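Heads up, the chain below is alone and in the form deposited in one PDB entry; it's given as structure tokens.
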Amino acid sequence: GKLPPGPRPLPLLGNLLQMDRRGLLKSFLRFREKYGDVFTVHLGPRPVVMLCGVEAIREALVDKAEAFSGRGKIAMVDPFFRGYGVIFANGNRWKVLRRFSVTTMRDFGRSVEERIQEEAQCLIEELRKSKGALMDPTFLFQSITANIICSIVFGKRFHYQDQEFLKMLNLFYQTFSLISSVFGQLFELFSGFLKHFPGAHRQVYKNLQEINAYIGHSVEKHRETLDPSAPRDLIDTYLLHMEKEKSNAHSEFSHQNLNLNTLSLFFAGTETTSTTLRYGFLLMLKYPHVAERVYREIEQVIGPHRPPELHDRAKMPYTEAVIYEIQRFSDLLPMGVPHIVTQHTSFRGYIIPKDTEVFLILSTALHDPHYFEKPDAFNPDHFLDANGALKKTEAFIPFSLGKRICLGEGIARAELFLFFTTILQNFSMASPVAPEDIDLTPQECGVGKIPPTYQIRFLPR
């Protein structure tokens, strides 16, 4: 009848002295051993409710969507976003921006499938030209995923050799890392105090403004060349709404929503799928038998010449299982994205008051040992039955659930499929590190789980 139980806080420090030095997620998993799946932690000055396991998270996000569909802040980026753009919006702003983004994410995508297929052929050409050299593949995994969203948002794609484009990708990469660092986790507890000192929050803010400066320019160039009878892309479509609603001072189709919604789509469109690819190829280097078996399946179902297509998925249970398992193992957003309850809500006999922040600990569903035997190991059979047919599970929720479920889920799974199969169709992988010596420990583990840097060669078949 009050908040969920948890560790007794100290004034100012909240539960700091009970935390694990290894980070937030490790701290919360230690609290779960003691308190169970629903508990409260005081992150510096404020209580945050944690929900763990797929039952509690689905009860909240699906069964109680009228209460658990608010968005909380991520302290390291709130000073930049300030509640603008679909990711960080609440209330009617969110409603408008969410419907807008979904409709225009769709109806310019001509089809998404064709754009990913074309990007995948550019990528295969780029990898051929690299002549089996060693590379850290981060920049190309970023380029290809960024380019899909660029084609919908900006109506164009950028060349892999373009230093400017590269410069923006570097900023997405550094920024997601700094958000996820130990400092970024400490900022989440003590931003009230730490914001007054130098630190990585200032670097994040600067990177995000540098990306936003490009968006603002591109908006300006679109404004100048706009033809209301044929919008080219999502920016044109938003500009036409802004024109329709111009006599309303309170229209949500504002310039700040335009720039930060666009940045939002971009950043999420790029860095999420790119990081999942980076983990996926590291996992292929450590488990080359899995890569060999996917390749077998591509030979038998697709053959060595015809481009993979989405229709191939249903015939390729092994490859779909491997990608599910990459997503489950790589656990991109272990604590998901913060929510907030929008009205006083009862939950499992507790009372969670309006405006309390809620974290859905997606990582606990992804590693549920009732749904996945050996959840700490990479094993595609987590997603196969005895017959080797695909076995989907309701514990697989790396995109979350309910009203704020990832709006990019379809696009992301299309990209993973098409890029992973197209690459393995044309190339096998090698590197200087023996599989037994490859260390999968993430380089950062905070809001994001971010794999270590590594070198790889793509060898033409």
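All residue numbers are counted from 1 along the displayed sequence. Take the two forms, superpose them, and find the largest set of C-alpha atoms that agree within 1.5 Å; that set is the rigid core.
Just so you know, the form deposited in another entry exists too; it's not on screen, but the next bit is about it.
For the set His289, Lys315, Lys246, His370, a Cα shift of at least 2 angstroms between the shown form and the other one, after rigid core superposition, holds for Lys246 and for no other residue. Core-superposed comparison between the shown form and the other one: the Cα of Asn90 travels less than 2 Å.
Once both forms are overlaid on the rigid core, the distance between the two CA positions of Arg128 between the shown form and the other one is under 2 angstroms. Superposed on the core, the two forms barely differ at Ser330: its CA moves less than 2 Å between the shown form and the other one.
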